[PDB]
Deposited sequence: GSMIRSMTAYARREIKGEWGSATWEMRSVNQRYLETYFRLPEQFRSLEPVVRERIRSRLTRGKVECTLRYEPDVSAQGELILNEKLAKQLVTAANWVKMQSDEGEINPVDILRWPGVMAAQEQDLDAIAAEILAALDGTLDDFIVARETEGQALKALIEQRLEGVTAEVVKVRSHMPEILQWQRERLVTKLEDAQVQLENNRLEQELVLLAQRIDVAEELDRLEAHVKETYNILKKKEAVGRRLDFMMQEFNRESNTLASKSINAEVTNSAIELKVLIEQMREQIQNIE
């Protein structure tokens, strides 16, 4: 069950206290990178949310944003500190006697800190519900990372069927070609004995690609095994494609017929198509 690095998932929780929205987005990356945007009230929640994200995700760049819109009507009714307000008025009266002018503004006294305050302090209860909501949107994020990736797995397996069908097309042509190479050489040597076949068969071992086709088939069987294991295989699959293309290039190099060369090109096209999908794999 392979997963992809790029996915999106947003969840919004509505309550009397307020509305909070968790958004998670991700893009392909070489290593895991985490970025968190949180409100000031839930800034203390940043270490807790980072451990959950990092434990669940092995690789990829993920940005998580939480936006809290509290309800001011559900906010507790404001209390007026009468002693502090009188303490500020008598202080301003002293300033007015020094300046011999000025007028106290009532709104400014209310704006002074501690004069009008709210003591709801319900943040701890809603934070536990936000943490439970974070696990829900993180599961929606993981299920989206696992939804796609099954499609990527099918695309790679479809190309893996194309490379194995392409080597059997080379396997049938090759013995016919090996005999043809001896014939054209003999006609050229018209102007030129025993043990000439001894040098021919050693040259034919350099032309033969059976050992290389065997390795390529072994790499395909391994690639099927790599897709089934449940771990990070994004980079391992990329290293495997370098060996796929290594055998394709040495096959196109030792190719002496145009039919085999066209098959080697088809192999390299399928490898490029697989490498494009492996980039999206974690």
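Unmodelled regions of the deposited sequence, numbered from residue 1: 1-2, 195-199.
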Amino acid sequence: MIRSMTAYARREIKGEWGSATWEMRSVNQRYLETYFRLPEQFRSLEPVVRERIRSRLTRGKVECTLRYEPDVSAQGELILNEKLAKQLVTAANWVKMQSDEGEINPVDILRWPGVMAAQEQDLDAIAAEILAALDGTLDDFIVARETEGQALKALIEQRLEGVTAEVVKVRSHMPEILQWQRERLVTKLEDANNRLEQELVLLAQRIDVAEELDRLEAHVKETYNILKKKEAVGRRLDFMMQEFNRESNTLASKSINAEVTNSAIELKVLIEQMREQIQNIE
From here on, numbers count along this sequence of modelled residues.
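On average the C-alpha atoms of 223-231 have higher B-factors than those of the other stretch, with 223-231 and 246-254 being the two compared.
As recorded in the PDB entry, 33-41 is the stretch of 233-241 and 33-41 with the greater mean C-alpha temperature factor. Between the residues 105, 87, 158, 164, it is 87 that shows the highest Cα B-factor in the PDB record. Ranking 210, 170, 178, 154 by Cα temperature factor from the entry places 178 first. Ranked by C-alpha B-factor against the other modelled residues of its chain, residue 268 falls in the lowest third. Sort the modelled residues of the chain by CA B factor and residue 11 lands in the middle third. Residue 5: CA B factor lies in the lowest third for its chain, per the PDB record. Ranked by Cα temperature factor within the chain, residue 19 sits in the highest third according to the deposited record. Placement of the Cα temperature factor of residue 118 within the chain: highest third of the modelled residues, per the deposited record.
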